[PDB]
Amino acid sequence: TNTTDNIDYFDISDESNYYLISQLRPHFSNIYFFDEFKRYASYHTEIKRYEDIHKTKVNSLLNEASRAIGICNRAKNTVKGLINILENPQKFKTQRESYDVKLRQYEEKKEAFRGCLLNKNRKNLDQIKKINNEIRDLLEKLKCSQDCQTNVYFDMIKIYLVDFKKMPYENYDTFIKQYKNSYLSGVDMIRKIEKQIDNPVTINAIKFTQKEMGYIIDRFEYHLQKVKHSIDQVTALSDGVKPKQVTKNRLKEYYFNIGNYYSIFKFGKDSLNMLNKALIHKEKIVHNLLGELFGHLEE
Amino acid sequence: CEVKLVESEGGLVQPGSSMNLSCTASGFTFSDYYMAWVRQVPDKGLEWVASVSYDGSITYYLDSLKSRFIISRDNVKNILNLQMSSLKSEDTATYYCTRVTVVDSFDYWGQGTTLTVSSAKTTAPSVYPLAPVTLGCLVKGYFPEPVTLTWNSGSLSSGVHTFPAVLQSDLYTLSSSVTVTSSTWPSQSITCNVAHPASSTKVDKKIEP
Amino acid sequence: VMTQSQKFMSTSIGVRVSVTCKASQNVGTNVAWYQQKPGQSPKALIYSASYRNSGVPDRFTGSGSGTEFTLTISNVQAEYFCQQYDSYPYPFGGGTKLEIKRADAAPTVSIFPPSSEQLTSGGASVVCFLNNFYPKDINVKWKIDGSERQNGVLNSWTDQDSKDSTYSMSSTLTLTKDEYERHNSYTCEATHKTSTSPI
C-alpha cells in the first residue's frame, strides 16, 4: 500500500445544489430515476411511447454524460499524481519543494478538477431538466380524470421494500462512527505531538492524508442521510393509508417522488460502497506510516 | 427565433408516383420533437399521414398508405421528407408539416403544400365577358384548377362575388360577378382579370354591352 | 377507435358558443382542438380538452372528459376540429363551420345572355346570379321558353360573406348552339322565403 491508486471519490455540486455529479457511473442520480421510470411505463399502455425516449434521449445522455467526464480524466491524472508525492515522504524528498507550495497547487488543482466535472456537464444539466419535464407532459396521456388507480404505484412500493431490505444500513452506520472516531483520535494526537517532533515531513505527510480523509468521511456521511431519508420516506408511505384512486395530476406527483426517493437510494448505495473501500484504504496508508514514524525517533 | 415549417410542391403529377416532399424546421431544436405530416382534402382533415421518431429508426404508416409511402427525416439539415409511390386520385391532397409533442398533439403547423394526382391535360381558360346592374365574367374549361380572378386590377374590392369552382366531366368551371352603380359604368369600364398560375396564362377581355 | 362530429352552428357576435364532439370508446383527456382559417394553415389552440397553448386568446376554453367533449368561446372576432391523439388512427371530427346571424334578406336575381365569342364557339351558356340572399336556404328553378329543365345545370354556393353575412349563389346552364334557337328570351326562377321572384 504505497499510495492511493483510486481517486473516484471526488464529487462536485452546482451552485443551485440540486444536481450532484459523481465520478461513478451514471454520474447523475436522475438517470437512475429515468431508468426506474421505464419500469412504470411498462405497466401502462398509454406510456408505451416512453421507450423511444429511453432508447434515444436517455441512452444518449448516459453516453454523453460519461464522455464529458473523459475530458476531465486527463486533468484527473495530473491531480492524482500530486497526491502521491504529497502523501509519500520518500517520494516528496525527490521533489524538494516546500510543503506549503506543494499544498497550494493541490488545492487549486483540486477545485480545477472539481470544476471540470461541473463545467463539462453544464450543457447536459439542461437536458436532465428537459427530460423529466417531458415526462410530466407525457403523464397527461393516462386515460384517467380524477379516477387514476394507485395500484401500480403501490405494487412498486412492496417490491421496493424487498429491494430496500437487501442493503444493510446498520452495518454502514457502525462503520462510519468507529472510523470517524479513529479519525478524531488521530488528529487530536497530532496537534500536541507536532511541537514534540522537529521533523515535519513525516507528520505532514500524515496531516495531508488525514485532511483528505476528513473530506472523504463527509461524502460518506452526507450520502448516508439521503439513503436514510430514502428508506424512511418510502417506508412511511407504505405505513400511510392507501387510496385506490387519486387525481391525474396528483398521480404524477405520486410517481415522481418514489422514483426520486428511490434513485437517491440507488445512487447512494453505489457511492457508499466505493467510499468505504477508499476509506479503509486511506486508513491502511495512515498506518504503514505510523510504524515508520515511531521507529525513526527511537534511533 | 421563430418556429416555422416550409414545404415543397405540389402541383400536378401523374398517377405513377414521381413526387417527393420536403419540410424545413427552424427556431427550435429538431431532435427533441417528433415530426409528422398531415393530409388534406376538400372535406377534411380526418386522415393523418406518417410521423418519424427523433433518431428516425421507428415510424408508423397509415395501414392504407403503408405500402405506397415512405417517411424519412434529416436531423442534420433540419429536413422532414415524404416519399410516395404509385400515386392515386385519393392521394390528391394538401399536406401541412407539423411538430408533434410527446402527447401526440400537433402543436405547430407548416404553411401547407397542395398535391393533385390525376390524368388531366393542363388547359388554358377560355374567358367570356358577360353583359346584361350586375356585371359578370365566365371562365370555362381550365386545368389545373388553382386560379384567381382580379377585378379592375384590384381597384374594386366591394361587390365582388367569387364563386367556388366546379369540375364537370373533365374540367373545372367557375363564374364571378361584379355589382357597380350605373353612373360609374360609363366613365370607367373595366375587364374581369383571370390569371391561371398553373397554365401560366393571364388574359383579359373587356365587358361588352 | 373513435370519432364524432356535428352539424354546423350559427351564432352572432358576441356570445358564448359550444361545439359538440363525442366518440365511441373513452379517450380520457386525450383530445385536441385546431382552428382553421378559410385560406390559412390550421392552428392548434387547445390540447387535452382543458389546456390551451400560449399565443391563444383567453376567450377560448375547453372542457369535458371521457366520451363527450365541448368547446366554448366567450367572444368572437371559422372551422374547428376536435381530435383524438390517443390511439391509431388519430382522427379529427368533420369540423363545424361558423356563421354570423343577421337580418333576413331577399336574393338579387340577374340573367345574362351567352357571350358573343361563345356562340361562335358553338356553345351557349346562360348564368343566373342570386346574390346577398339570407338565409343560406334557397332553391333555383330553370325554365327554358317557359318550360322547366332539370338537366345540364351546374350550381355553386359561395361561402358565407364575412363582411356582410350574406350568402351567394351561382347557377349556370350550358347547352349547345343548336338548342339555343328554341327561345330568344330566358328567365330565371328562384324559390326563397318570399313570393316567388322569377326573372
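Protein chains in written order, with the working numbering: chain F, 2 to 300; chain C, 1086 to 1294; chain X, 198 to 396.
By construction, the Cβ of each residue, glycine as well, lies at the ideal position given by its N, Cα and C atoms.
Are the CB atoms of residue i and residue j nearer to each other than 8 Å?
{"i": "C:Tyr1193", "j": "C:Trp1122", "result": "no"}
{"i": "F:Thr248", "j": "F:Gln147", "result": "yes"}
{"i": "residue 472 of chain X", "j": "X:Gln232", "result": "Outside the shown range of chain X (198 to 396) lies residue 472 of chain X, about which nothing can therefore be said."}
{"i": "C:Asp1255", "j": "C:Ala1209", "result": "no"}
{"i": "F:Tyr41", "j": "F:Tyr255", "result": "no"}
{"i": "F:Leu273", "j": "F:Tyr173", "result": "yes"}
{"i": "F:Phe266", "j": "F:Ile232", "result": "yes"}
{"i": "C:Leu1167", "j": "C:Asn1237", "result": "no"}
{"i": "X:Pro304", "j": "X:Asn328", "result": "yes"}
{"i": "X:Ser368", "j": "X:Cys325", "result": "yes"}
{"i": "C:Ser1267", "j": "C:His1246", "result": "no"}
{"i": "F:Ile32", "j": "F:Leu139", "result": "no"}
{"i": "F:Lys56", "j": "F:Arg137", "result": "no"}
{"i": "X:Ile210", "j": "X:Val306", "result": "no"}
For residue i, which of the options has the nearest alpha-carbon?
{"i": "C:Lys1173", "options": "C:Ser1149, C:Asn1160 and C:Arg1184", "result": "C:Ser1149"}
{"i": "F:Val242", "options": "F:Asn277, F:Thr151 and F:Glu108", "result": "F:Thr151"}
{"i": "X:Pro286", "options": "C:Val1232, C:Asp1289, C:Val1288 and C:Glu1132", "result": "C:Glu1132"}
{"i": "F:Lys111", "options": "F:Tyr184, F:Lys253 and F:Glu213", "result": "F:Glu213"}
{"i": "F:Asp9", "options": "F:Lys196, F:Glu300, F:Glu37 and F:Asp271", "result": "F:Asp271"}
{"i": "F:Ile194", "options": "F:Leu298, F:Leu118, F:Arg105 and F:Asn31", "result": "F:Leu298"}
{"i": "C:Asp1189", "options": "C:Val1137, C:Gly1130, C:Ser1284 and C:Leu1252", "result": "C:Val1137"}
{"i": "F:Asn134", "options": "F:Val228, F:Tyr51 and F:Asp156", "result": "F:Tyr51"}
{"i": "X:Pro239", "options": "C:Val1251, C:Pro1282, C:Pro1214 and C:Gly1197", "result": "C:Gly1197"}
{"i": "X:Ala321", "options": "X:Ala241, X:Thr264 and X:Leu370", "result": "X:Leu370"}
{"i": "F:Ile72", "options": "F:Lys166, F:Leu276 and F:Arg115", "result": "F:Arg115"}
{"i": "F:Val80", "options": "F:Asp36, F:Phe11, F:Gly187 and F:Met157", "result": "F:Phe11"}
{"i": "F:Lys124", "options": "F:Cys149, F:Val163, F:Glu65 and F:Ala279", "result": "F:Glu65"}
{"i": "X:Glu265", "options": "X:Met199, X:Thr393 and X:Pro332", "result": "X:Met199"}
{"i": "X:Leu351", "options": "C:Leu1234, C:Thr1233, C:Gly1244 and C:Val1251", "result": "C:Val1251"}
Determine the burial state of residue i: buried for a count of at least 16 other Cβ atoms within 10 Å of its Cβ, exposed for fewer.
{"i": "F:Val202", "result": "exposed"}
{"i": "F:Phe295", "result": "exposed"}
{"i": "C:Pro1127", "result": "exposed"}
{"i": "C:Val1134", "result": "buried"}
{"i": "C:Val1161", "result": "exposed"}
{"i": "F:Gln96", "result": "exposed"}
{"i": "X:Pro288", "result": "buried"}
{"i": "F:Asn289", "result": "exposed"}
{"i": "F:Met190", "result": "exposed"}
{"i": "X:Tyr277", "result": "buried"}
{"i": "C:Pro1229", "result": "buried"}
{"i": "X:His389", "result": "buried"}
{"i": "C:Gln1125", "result": "buried"}
Which residues of chain F have a Cβ atom closer than 9 Å to the Cβ of residue i, listed in chain order?
{"i": "X:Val224", "result": "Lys144"}
{"i": "C:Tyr1139", "result": "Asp53, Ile54, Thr57 and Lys58"}
Hey, quick one: how far does the beta strand (DSSP E) through residue i stretch, first residue to last?
{"i": "C:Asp1289", "result": "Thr1286 to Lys1290"}
{"i": "F:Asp12", "result": "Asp12 to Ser14"}
{"i": "C:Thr1183", "result": "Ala1178 to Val1185"}
{"i": "C:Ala1205", "result": "That residue, C:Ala1205, is in no beta strand (DSSP E); it is neither H nor E in DSSP."}
{"i": "C:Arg1158", "result": "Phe1154 to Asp1159"}
{"i": "X:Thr305", "result": "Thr305 to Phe309"}
{"i": "C:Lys1225", "result": "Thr1219 to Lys1225"}
At what residues does the alpha helix (DSSP H) containing residue i begin and finish?
{"i": "F:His282", "result": "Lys249 to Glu299"}
{"i": "F:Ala42", "result": "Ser30 to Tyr44"}
{"i": "F:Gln96", "result": "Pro90 to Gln96"}
{"i": "X:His389", "result": "Premise fails: X:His389 is in no alpha helix (DSSP H) and is neither H nor E."}
{"i": "X:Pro254", "result": "First-last for X:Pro254: undefined, no H or E at that position."}
{"i": "F:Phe176", "result": "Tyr170 to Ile194"}
{"i": "F:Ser231", "result": "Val202 to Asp240"}
{"i": "C:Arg1124", "result": "First-last for C:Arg1124: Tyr1119 to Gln1125, but that is the beta strand (DSSP E), not the alpha helix (DSSP H)."}
{"i": "X:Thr369", "result": "Looking at the DSSP string, X:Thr369 is not in any alpha helix (DSSP H); the run it does join, the beta strand (DSSP E), is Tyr364 to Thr373."}
{"i": "C:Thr1269", "result": "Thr1269 to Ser1272"}
For chain A, find out if any of its Cβ atoms is closer than 8 Å to the Cβ of residue i; answer yes or no.
{"i": "F:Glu171", "result": "Checking the listed chains, one finds no chain A in this structure; the protein chains it contains are F, C and X."}
For a contact meaning CB atoms closer than 9 Å, what does residue i contact in chain C?
{"i": "F:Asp138", "result": "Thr1186, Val1187 and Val1188"}
{"i": "X:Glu314", "result": "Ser1211, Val1212, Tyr1213, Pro1214 and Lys1290"}
Applying a beta-carbon distance threshold of less than 7 Å, which residues of chain F neighbour residue i?
{"i": "C:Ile1143", "result": "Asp53"}
Mind pulling the chain C residues with CB within less than 7 Å of residue i?
{"i": "F:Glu135", "result": "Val1187"}
Chain X partners of residue i, CB-CB under 7 Å?
{"i": "C:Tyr1181", "result": "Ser238 and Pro239"}
{"i": "F:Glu141", "result": "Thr226 and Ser245"}
In chain F, which residues lie less than 8 Å from residue i when you measure between Cβ atoms?
{"i": "X:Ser262", "result": "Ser146"}
Considering only heavy atoms of the ligand ADP, does any lie closer than 7 Å to the CB of residue i?
{"i": "C:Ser1142", "result": "The ligand ADP is not part of this structure, which contains no ligands at all."}
What residues of chain C sit near residue i, judged by a beta carbon separation below 8 Å?
{"i": "X:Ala229", "result": "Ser1190 and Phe1191"}
{"i": "X:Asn328", "result": "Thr1219, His1246, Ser1262 and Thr1264"}
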